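Novice: Have a look at the structure that comes next, please.
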Amino acid sequence: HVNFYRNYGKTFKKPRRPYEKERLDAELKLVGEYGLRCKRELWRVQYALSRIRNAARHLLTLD
Amino acid sequence: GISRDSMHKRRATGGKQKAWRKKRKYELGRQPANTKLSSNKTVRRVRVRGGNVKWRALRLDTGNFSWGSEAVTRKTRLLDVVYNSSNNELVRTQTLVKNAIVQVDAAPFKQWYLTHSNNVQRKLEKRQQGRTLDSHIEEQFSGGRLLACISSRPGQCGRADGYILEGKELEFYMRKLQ
Amino acid sequence: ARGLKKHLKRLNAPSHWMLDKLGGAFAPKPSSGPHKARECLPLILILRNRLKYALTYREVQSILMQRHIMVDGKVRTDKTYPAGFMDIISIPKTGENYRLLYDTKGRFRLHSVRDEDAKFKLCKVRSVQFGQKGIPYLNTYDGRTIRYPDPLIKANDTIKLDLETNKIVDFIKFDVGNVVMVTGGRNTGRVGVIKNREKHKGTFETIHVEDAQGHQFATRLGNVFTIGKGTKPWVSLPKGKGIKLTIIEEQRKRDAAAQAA
Amino acid sequence: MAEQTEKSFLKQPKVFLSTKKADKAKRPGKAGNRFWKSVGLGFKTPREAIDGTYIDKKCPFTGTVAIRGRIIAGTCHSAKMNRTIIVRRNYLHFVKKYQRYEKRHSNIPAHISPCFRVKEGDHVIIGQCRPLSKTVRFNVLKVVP
RNA sequence: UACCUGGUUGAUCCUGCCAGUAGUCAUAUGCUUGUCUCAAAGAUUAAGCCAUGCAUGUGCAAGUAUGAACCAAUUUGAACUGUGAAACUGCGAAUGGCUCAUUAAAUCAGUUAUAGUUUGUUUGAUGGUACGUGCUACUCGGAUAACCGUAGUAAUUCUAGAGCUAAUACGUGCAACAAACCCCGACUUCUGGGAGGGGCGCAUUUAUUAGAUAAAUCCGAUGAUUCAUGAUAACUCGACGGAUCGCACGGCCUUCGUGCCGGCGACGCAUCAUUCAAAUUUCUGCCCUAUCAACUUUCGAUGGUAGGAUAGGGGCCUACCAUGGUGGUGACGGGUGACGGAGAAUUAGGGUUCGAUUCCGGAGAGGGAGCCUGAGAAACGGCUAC
RNA sequence: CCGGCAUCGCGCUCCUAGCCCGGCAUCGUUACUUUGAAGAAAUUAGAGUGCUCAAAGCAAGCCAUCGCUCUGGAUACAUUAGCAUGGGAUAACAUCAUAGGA
RNA sequence: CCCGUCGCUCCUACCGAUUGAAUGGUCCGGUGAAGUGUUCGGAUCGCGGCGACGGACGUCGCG
RNA sequence: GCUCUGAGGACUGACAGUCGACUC
Ligand SMILES: [Mg+2]
Ligand SMILES: [Mg+2]
Ligand SMILES: [Mg+2]
Ligand SMILES: [Mg+2]
Ligand SMILES: [Mg+2]
Ligand SMILES: [Mg+2]
Ligand SMILES: [Mg+2]
Ligand SMILES: [Mg+2]
Ligand SMILES: [Mg+2]
Ligand SMILES: [Mg+2]
Ligand SMILES: [Mg+2]
Ligand SMILES: [Mg+2]
Ligand SMILES: [Mg+2]
Ligand SMILES: [Mg+2]
């Protein structure tokens, strides 16, 4: 059954420590300023940003 | 049925080798021919892998025997097996089987050696100046029946072929037979 | 299994066929032919995928049994024919010739030719040795066989075969200093002039090559295919003259392409 | 004569012994000369294989075995057979978790021609032939004692 | 995001575990669900059982049609013209597809090998003599489906008999020089001969022989071969060497005679090469267990020889001889809720766990075993037995 | 960073072999490392591309968006075992005092 | 603070006469379907030679 | 039961000559 072979993955990962005032307020700041539908929307951005930053870091390790 | 797979054998260390396939055809064996030496020549077809043919020689009396020293290869009639280095049971039951010692006519060979006006003797005298004829192959013609070694695979190719013994091999087999 | 496997599913179809992943389960499975079915290109992939002369399986079937398509100069009704390196495809309805050549990335291109540079093809010899009654003959990698070969022609050499007299017209002795066009491995596509050939007892003999613009590589004797004696090849090389260039340069060329547009 | 030790008269195939027109420098295996062959791969035939009396359908230099495939080196580990030894290929295995090496070993049966002469624990170089038995696939081509 | 927090105490600092926190292309279920794209879905247990219906058949200009129909329809010679169903012959059904029961150096993976082998086909090349006393080939057979007709049985692609008719089914049989080369050889003249005439396609089997050197007229390959191959003596109750089928008409009389002709194709037969393959194979690589330290060997266990069998190597099997092979670097055995791999989850690095599953390799058809047809099956949408 | 070079560089007859000449074969093994070949695709990273984004996919873009042009469909990794070149510190195995040495 | 014997309730495993039982595999031995191969075998079926006979026969042709 | 095959020795001059009742 081809149409099986079509890849797909995720776009985010939930934060480790679910309940912190500091992280929770930072998330509410960002969601309030940029008018988001939920914090899944915020959580995608960190996933994409972490991917690119890790891409940069692996480069900067080399010469 | 019969098989040539190594599944049934034991590993080198000896541990039992579990069977993990059911037997496949490309590992088939077939019951031997025990080629007899008889008058009633009957060699029969078998259809083997690839669709080609193998001629199982169940029983023969007429074969093709070479003479290397003289480079003469005559058809002749099988008399009898006299020695086999694998199984005396095969001597007793008269199985034409590769690298046996059969005894053959010397009938085509005697008249060929009888072969070999002026143009004829002018060639005959060119020969007869190099005739060798070892005394040990010489006495065998007087006996009228020659030690020859079968060297075909009768059960495989449907022929009994071979070569007359001479030199070290003849003296050795003859010494075994006395 | 208990016999020949006659389906080839799409993801097993070799990398250089370029065919997409989700267009279906299966792949054309080249018939047992003149080329090794791993180093080939079927006629359907020629018509449908590249030239777009058809849009389906059946439409290529229509193309082929119109008797329009020609391979090595003789019409071919097969639809998974394993064409290969320097097979010529002519379409006399279009008066148009292709010769099937690699590029430096390892994929097939259809390099056009005129008629004078289409009357013949070019292929190497697998082996030259005797046959019935002691007549020499040679066997190519193209399947082709030649009887009474020119007694100088050895193994590994290359020959030109006219498509009318159907025999040799010339042969290039595989040697140091003449150009090749490697046809397998990572270096396939890259033309270049041998600078050395080292042999090892019991295994593959390798050839060191240089791209005429400097870069140097090596490949075992299997995939070399001498084209021309000396530096000049006897075949019209593709759009990029057999030079594999770094990905950095493939960036600079596209920058330079857009900055003049 | 000495070598013939069995119930059958042992001889080399396609060598014709009792030949009328004999001479000694034709090609070996011809005119009734003994057959020998050079295994290749830089190896050299043994002197006594050349001028030997033994007959063996499995000797690389005097038989019908073709050395093709791979060539291993080892040390003889047992020489208690008829024309056969067991070579111990000592080597080191890499265990990825520890970034360290553990020595393993493989005991490989090998056929020594009568020309060669191996003592227990002698360095040997062996080459692959057709399967000669249930356990033998190598012929001993070189011995360093 | 390379992270820690609650619990032993009157409190304190620790070892330390319990609990917490997060993820699963990881399963079940609870509660809830408005929209678009995407798509897993009887694998875990029971590779246990199956109603039913389908899943492999097939016709081109090119094998066989007044055996019964349809369309053109005849000047009533000759067509079955053209379209054809049915059936015979050919080919395929050995692919796909599902599942993971078996199986722990075994399958499998990387990489080897075949000079140790078989291969429908595709593609390319190739093809003397069949007897004639080698003096250029010497003749055309019934029986058979479908159809007709007459039956058994309760029966089913269960079955008997009569009557027609075909072949690219079956069975026969015309063969191409000089005969080059080979062996016997009358008489001639003496021969280093002339030779008048008598026996020689290719495949199979066997044996002798060639397949050439080195610095002061030799000539193929491989790392390596008694190689490729040639010649010769024969051998075989020879498979083989065409009694086959389509359109397109078109130069010109030798008796103007479908006249001498000759092309484009199909199908097919054999050898070699190639291709799709396989089969066997070499090194190295697999989890826990020592409450698994000895295992294998009469009956193949390790080897040798001789042989049989196979497509082929091989203890694959037999006869004889030898007593060997493996083992603390874990043999053998035992467990696996173990098919192997590519890979999946988690991952700062190292690792830990998983891998039924759609790609590849293997295995299996309720359990075993044995086979025919065929290039290919130890086949189960084939058979035979339990 | 190296090519190439002298000192107090055991030989070369053979290919590569200079305008008498660099840089040539056979007469200890490996382990290590470097470079290369060859490495099935899908997956993994990664480029390009406005499927609207996205997870994706392997497409697609301008012409006077009038009788076709420009094309792509890269690259990377792949631990070990095996093949090969150069390095020869580090460490094993091997071994010239009977001289059977050169 | 705290230790053990004993008494009562509940859970878990242990030893246990019972030639305990069931399930499944393995080896040896007995019998052994069927297939394959082979030795004989020969129901019928093909030039239906000849008698030069009057579609009929024996001597037949080998397969 | 019958017909065989093989192994196991002595004396005399790694071979040759003669002999040998028994066991497997
Ligand atoms: Mg399958
Ligand atoms: Mg096809
Ligand atoms: Mg950590
Ligand atoms: Mg406490
Ligand atoms: Mg407290
Ligand atoms: Mg927890
Ligand atoms: Mg399971
Ligand atoms: Mg053998
Ligand atoms: Mg299981
Ligand atoms: Mg599968
Ligand atoms: Mg079932
Ligand atoms: Mg099966
Ligand atoms: Mg079955
Ligand atoms: Mg079924």
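Novice: Take segment D:40-56 and flag every residue that is more than 14 Å from chain B (Cβ to nearest Cβ) and on the phi < 0 side of the Ramachandran plot.
Specialist: At the first step, the residues of segment D:40-56 found to be more than 14 Å from chain B (Cβ to nearest Cβ) are D:40-52, D:54, D:56.
The answer is D:43, D:44, D:45, D:46, D:47, D:48, D:49, D:50, D:51, D:52, D:54, D:56.
Novice: Hey, another quick one. Given the structure, is residue D:5 out of contact with any helix residue (DSSP H, G or I) (no Cβ under 6 Å at 6 or more places or on another chain) and surrounded by 12 or more Cβ atoms within 10 Å (Cβ to Cβ)?
Specialist: No: the conditions fail for residue D:5.
Novice: Can you give me the number of residues within segment D:50-76 that are out of contact with any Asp or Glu (no Cβ under 7 Å at 6 or more places or on another chain) and either crowded, with 19+ Cβ neighbours inside 10 Å or within 30 Å of residue D:24 (Cα to Cα) (or both)?
Specialist: Of the residues in that region, 14 qualify.
Novice: If I ask for residues that are in contact with a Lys or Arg (Cβ under 7 Å, 6 or more places away or on another chain) and within 13 Å of another protein chain (Cβ to nearest Cβ), which ones from segment D:16-39 would you list? Reasoning before the result, please.
Specialist: The initial filter retains those residues of segment D:16-39 that are in contact with a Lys or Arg (Cβ under 7 Å, 6 or more places away or on another chain), namely D:17, D:28, D:33.
Correct list: D:17 only.
Novice: Here's something else I'd like to know. Can you say whether residue C:219 is surrounded by 11 or more Cβ atoms within 10 Å (Cβ to Cβ) and either closer than 17 Å to residue C:106 by Cα or touching a strand residue (DSSP E or B) at 6+ places or on another chain (Cβ under 6 Å) (or both), as far as the supplied structure shows?
Specialist: Yes.
Novice: Additional query: For segment B:115-169, give me every one of the helices (runs of 4 or more DSSP H) that falls completely inside it and has 1 or more residues that are aromatic (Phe, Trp, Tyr) and more than 13 Å from chain D (Cβ to nearest Cβ).
Specialist: Where helices (runs of 4 or more DSSP H) fall fully within segment B:115-169 and carry at least 1 residues being aromatic (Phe, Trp, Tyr) and more than 13 Å from chain D (Cβ to nearest Cβ), they are B:135-143.
Novice: Within segment A:1-23, which residues are within 15 Å of the chain's Cα centre (by Cα) and either assigned to a helix (DSSP H, G or I) or within 16 Å of RNA strand G (Cβ to nearest atom) (or both)?
Specialist: Hit for segment A:1-23 is A:23, nothing else.
Novice: Take segment D:113-130 and flag every residue that is loosely packed, with under 15 Cβ neighbours inside 10 Å and not in a strand (DSSP E or B).
Specialist: Across segment D:113-130, the qualifying residues are D:117, D:119, D:120, D:121, D:130.
Novice: Of the residues that sit in segment D:1-11 and are under 15 Å from residue B:166 (Cα atoms) and within 20 Å of the chain's Cα centre (by Cα), which one is farthest from the other protein chains (Cβ to nearest Cβ)?
Specialist: The residue in question is D:10.
Novice: Looking only at segment B:57-68, decide whether some residue is within 10 Å of RNA strand G (Cβ to nearest atom), over 28 Å from residue D:15 (Cα atoms), among the basic types (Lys, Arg) and within 18 Å of the chain's Cα centre (by Cα).
Specialist: Looking for residues that are within 10 Å of RNA strand G (Cβ to nearest atom), over 28 Å from residue D:15 (Cα atoms), among the basic types (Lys, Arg) and within 18 Å of the chain's Cα centre (by Cα), one finds at least one in segment B:57-68, hence yes.
Novice: Also, I was wondering about something else. Give me the pairs: first residue in segment A:42-56 and more than 18 Å from residue A:26 (Cβ to Cβ), second residue surrounded by 12 or more Cβ atoms within 10 Å (Cβ to Cβ) and among the polar types (S, T, N, Q), beta-carbon distance under 7 Å, and six or more apart or on different chains, which are they?
Specialist: If the second residue must be surrounded by 12 or more Cβ atoms within 10 Å (Cβ to Cβ) and among the polar types (S, T, N, Q), no pairs are left.
Novice: Quick test of your reading of the structure: residue D:110 fulfils all but one of (1) assigned to a strand (DSSP E or B); (2) under 30 Å from residue C:204 (Cβ atoms); (3) more than 8 Å from RNA strand E (Cβ to nearest atom); (4) more than 14 Å from chain B (Cβ to nearest Cβ). Name the failing condition by number.
Specialist: It is condition (4) that residue D:110 fails.
Novice: Give the residue that is farthest from the other protein chains (Cβ to nearest Cβ), with candidates limited to residues of segment A:1-28 that are among the basic types (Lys, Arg) and surrounded by 10 or more Cβ atoms within 10 Å (Cβ to Cβ).
Specialist: A:23
Novice: Sticking with this structure for a sec: Out of segment C:44-71, which residues are in a helix (DSSP H, G or I), away from RNA strand F (no atom under 16 Å from the Cβ) and crowded, with 17+ Cβ neighbours inside 10 Å?
Specialist: Answer for segment C:44-71, where residues must be in a helix (DSSP H, G or I), away from RNA strand F (no atom under 16 Å from the Cβ) and crowded, with 17+ Cβ neighbours inside 10 Å: C:63, C:64.
Novice: Working carefully through the options C:158, C:165, find the one that is hydroxyl-bearing (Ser, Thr, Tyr) and more than 18 Å from the chain's Cα centre (by Cα).
Specialist: Result: C:165 is the single residue among C:158, C:165 that is hydroxyl-bearing (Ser, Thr, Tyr) and more than 18 Å from the chain's Cα centre (by Cα).
Novice: Check B:47, B:10, B:24 and return the single one that is exposed (fewer than 14 other Cβ atoms within 10 Å of the Cβ) and within 14 Å of chain D (Cβ to nearest Cβ).
Specialist: Sole residue among the options that is exposed (fewer than 14 other Cβ atoms within 10 Å of the Cβ) and within 14 Å of chain D (Cβ to nearest Cβ): B:10.
Novice: Find the residue count for segment C:8-40, including only residues that are acidic (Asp, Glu) and within 14 Å of another protein chain (Cβ to nearest Cβ).
Specialist: Number of matching residues: 1.
Novice: Within 18 Å of the chain's Cα centre (by Cα) and either near RNA strand E (Cβ under 10 Å from one of its atoms) or more than 14 Å from every other protein chain (Cβ to nearest Cβ) (or both): does that describe residue C:92? If you could, list the steps in order and put the result at the bottom.
Specialist: On the way: within 18 Å of the chain's Cα centre (by Cα): no; either near RNA strand E (Cβ under 10 Å from one of its atoms) or more than 14 Å from every other protein chain (Cβ to nearest Cβ) (or both): yes.
The answer is no for residue C:92.
Here, each number is a calculation from the coordinates, and none is a lab measurement. Quick reminder, even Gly has a Cβ in these numbers, built from the backbone with ideal geometry, and neighbours come from all protein chains shown.
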